[PDB]
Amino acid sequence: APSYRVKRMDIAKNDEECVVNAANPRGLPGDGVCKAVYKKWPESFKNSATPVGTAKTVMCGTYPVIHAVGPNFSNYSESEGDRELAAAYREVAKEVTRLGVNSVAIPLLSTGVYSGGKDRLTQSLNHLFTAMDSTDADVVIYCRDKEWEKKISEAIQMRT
C-alpha cells in the first residue's frame, strides 16, 4: 500500500526509482537541490528546460529525472504563483504515472530561494498531496531542515 514518507538528507542519495529536481525554466544547473542533482545526474540536464508550472523527464541511463519548475514567488502574484505551484505538482504526478515507477523522491517546490521570503511548507506540501494522491507510487519527501522534517512528518501522520 503506497505511503508518504519524509527524510532529512540529500535527495541525490535517494533510494527511490526516480527523482524530482526543483528546476529552473532555463534548464540550467543552479544551486541547492538542483546543484546536487546536476552533480549526480548531469546527463539529465540535456534539453531539460521546461516552463514554470510544468515538468519534463530526462533519462540518465535508465534512471528518470523529472525536472519540475515551481514559480519564483518574487516574480508571481500570490494568486498566479499558487496556480503555477499546483500545476507543477500535477505534471510531476503525470510523469510518475507515465514512467510506471513504484516510488519517487520529491522536494517541496518553491520553498527556498523561490519562496519570495515566505514560509510555504504547508502550501507546497498540500499541492504535492493533491497531485500525488491519485498515483500508486510510494512518495519520499526530502528536506534539509530539522524542523521542517517534524512538520512534514506530522502532516503525513494526520491524514492517516
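All residue numbers are counted from 1 along the displayed sequence. Rigid core (definition): largest C-alpha set, two forms, superposition within 1.5 Å.
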Looking at C-alpha RMS in 6 other deposited structures of this protein with the core superposed, is it 25-33 or 44-52 that drifts more? 25-33
Highest mean C-alpha temperature factor of the two stretches 62-70 and 39-47, which is it? 39-47
Looking at the entry, does 115-123 or 53-61 show the higher mean C-alpha B-factor? 115-123
Looking at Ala105, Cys34, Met132, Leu108, which has the biggest Cα B factor in the entry? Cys34
What third of its chain, lowest, middle or highest, does the C-alpha temperature factor of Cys143 fall into? highest
